[PDB]
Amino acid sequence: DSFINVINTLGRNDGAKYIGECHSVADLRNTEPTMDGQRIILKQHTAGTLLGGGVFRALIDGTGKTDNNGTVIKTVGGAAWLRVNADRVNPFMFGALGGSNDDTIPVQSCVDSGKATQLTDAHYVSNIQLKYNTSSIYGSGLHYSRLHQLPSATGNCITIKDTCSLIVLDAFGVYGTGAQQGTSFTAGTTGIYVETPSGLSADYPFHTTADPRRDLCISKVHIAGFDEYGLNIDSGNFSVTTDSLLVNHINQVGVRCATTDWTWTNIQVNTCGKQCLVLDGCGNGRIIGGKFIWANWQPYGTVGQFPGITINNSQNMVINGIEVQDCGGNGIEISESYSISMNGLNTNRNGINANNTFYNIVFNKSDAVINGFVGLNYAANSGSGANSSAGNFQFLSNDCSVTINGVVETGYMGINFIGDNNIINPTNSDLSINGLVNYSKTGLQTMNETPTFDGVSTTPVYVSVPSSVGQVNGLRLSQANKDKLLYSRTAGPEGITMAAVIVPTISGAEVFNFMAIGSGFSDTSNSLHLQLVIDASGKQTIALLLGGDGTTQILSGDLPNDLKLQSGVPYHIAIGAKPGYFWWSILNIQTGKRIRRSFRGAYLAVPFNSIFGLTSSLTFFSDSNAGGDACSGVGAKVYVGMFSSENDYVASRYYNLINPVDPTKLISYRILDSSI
């Protein structure tokens, strides 16, 4: 009778509704099991949440088990209910609520549970401590599964204690008050802190006491919105690996490391009020793949300059494939550091808080070997006028020992007459750049072809030069006498480099013929002229005139008023010329300020091969013909070499602003101090 009816009721689709369950862990503690391994259903952890439920099985004898409020629940009678859960725990098992609830204690219980933790959601916490080799954390993304520090909390969102080794932190977020872009911070906060070990263990990897061997992996973790540090690895910790770490929106320092013996791969740090990265006392570590951008972010309101990267008091660092870009101040400051090795390095368009003021790498009492350097300044290339670095390298001391190789000057056209290196400050440090011999340090014997002085009167006249030219007198340049220096050498297909110190006297309308190849200007003149043209109103034009290959082309540009050459000021004026590749540069030797243009590819109507068929001779301060325009002012330190890129020209200027470009290519070098 009732039997058949009971069975049919239980057999309907909703039949599970008739099996009772505990409505809270509090009920579970008041439910005594009557048999071993007894199964019980938990509807939820805390009454009225519908979260944290599951199935439990009983141990009648609970001695040796401890109530942990989520996976081991003990009854008054001493039994233990064990959550059926083979693998990872999650905070809801310990009473987490999600939303805006403070889930600190549930989360702390997970990482203390003896198993890895899965973040399935976002949880607010104040401060969490990772203590054990079981304290791993996994999410399923850099954003939606995350810990989020409460607005009222200070200190470290996560602290990795010195008892915690061999864990994985993978694919979750660690967010602070300022995680969303453009929002404010809570003072005194850090995303992840790895404390300094207080001792050394002898039973690794089974240690339960302090040990310096972190031997742990932070993998695809997103840290965002903290005040003092995103990630801060303190001294004494070994083998903290990071891999695809992403740090965003830090009020101060994105990442600080102060320890040895570690490797990071594919790190990105973006938008910090101070440095993106501080290496302070680091040694014997590796950074492989790095992007450090928008350091010294002005809206975060920090007073003072801070570089994209601080490398201080460090040694034996290999840093490969990193980029430092769009930072508000200097790119990289290397201070009091030994043996910094960098292989593939990109620094461009930093110093964005004040135009033409900061430098991409600043050396101070440091040694470094840097290869594969690049730094196309994309603001200079597009001509947008946005703030960017004054130049690539600055040396604050002369006791550095530094080697730099790469593309020191990129070689785009220069729409705004500027490039990567717009202020060049030479150094007396033990510097080698691009394998170029420093002319001041060589005893190498070279050819030195003698030019012939020409003018209406053929006696050279010498007049005073400013003392920054490093000589007493130079060659008097006048339009009336057509003072010039003629070489019989003709340009060949390998190209030529020509440079000189010129002190222009600038008055009215005038054509300055700084230097030329050949003479004349026509479809068959096979000639080059570098000219400064001044009109009656004082407007200045730098013009490159090319004739040959059956045509002519004028590559000219009007200088803005703030870039004009000034009368009586010494400039180093240089050109590189070869088929299909012409560049010019004008450098104020007193301020280091430079203007430049480079012409390749579509900027040239033709390559102008016929300029270089060994028919057109080289002349300084005019062309080779008696009727050519000349100059007004003084000339000094005339240099003829085989072709140098603008890359190498700029590189050699870090040795000295007016010396020969490349001793191994030097053809002629005439001081012109009362002799020719």
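Position 1 is the first residue in the sequence shown; the rest follow in order.
Student: Taking the recorded C-alpha temperature factors, which stretch has the higher mean, 517 to 525 or 312 to 320?
Tutor: In the deposited entry, the stretch with the higher C-alpha B-factor mean is 517 to 525.
Student: Would you determine, from the values in the PDB entry, which of 73 to 81 and 379 to 387 has the greater average C-alpha temperature factor?
Tutor: Taking the mean C-alpha B-factor of 379 to 387 and of 73 to 81, the larger value falls to 73 to 81.
Student: Out of 668, 13, 664, 652, which residue has the highest Cα temperature factor in the PDB record?
Tutor: In this record, 13 carries the highest C-alpha B-factor of the candidates.
Student: Quick check on the deposited entry: does the C-alpha B-factor of residue 139 sit in the lowest, middle or highest third of its chain?
Tutor: As the PDB entry reports it, the C-alpha B-factor of residue 139 lands in the lowest third of its chain.
Student: Among the modelled residues of its chain, does the C-alpha B-factor of residue 191 lie in the lowest, middle or highest third?
Tutor: Lowest third of the chain for residue 191's C-alpha B-factor.
Student: Looking at the entry's B-factor column for C-alpha atoms only, identify whether residue 482 ranks in the lowest, middle or highest third of its chain.
Tutor: Its C-alpha B-factor, which the entry lists for residue 482, ranks in the highest third among residues of this chain.
Student: Against its chain's modelled residues, does residue 580's Cα B factor rank lowest, middle or highest third?
Tutor: Middle third of the chain for residue 580's C-alpha B-factor.
Student: Splitting the chain's C-alpha B-factors into thirds, which one does residue 113 fall into?
Tutor: Middle third.
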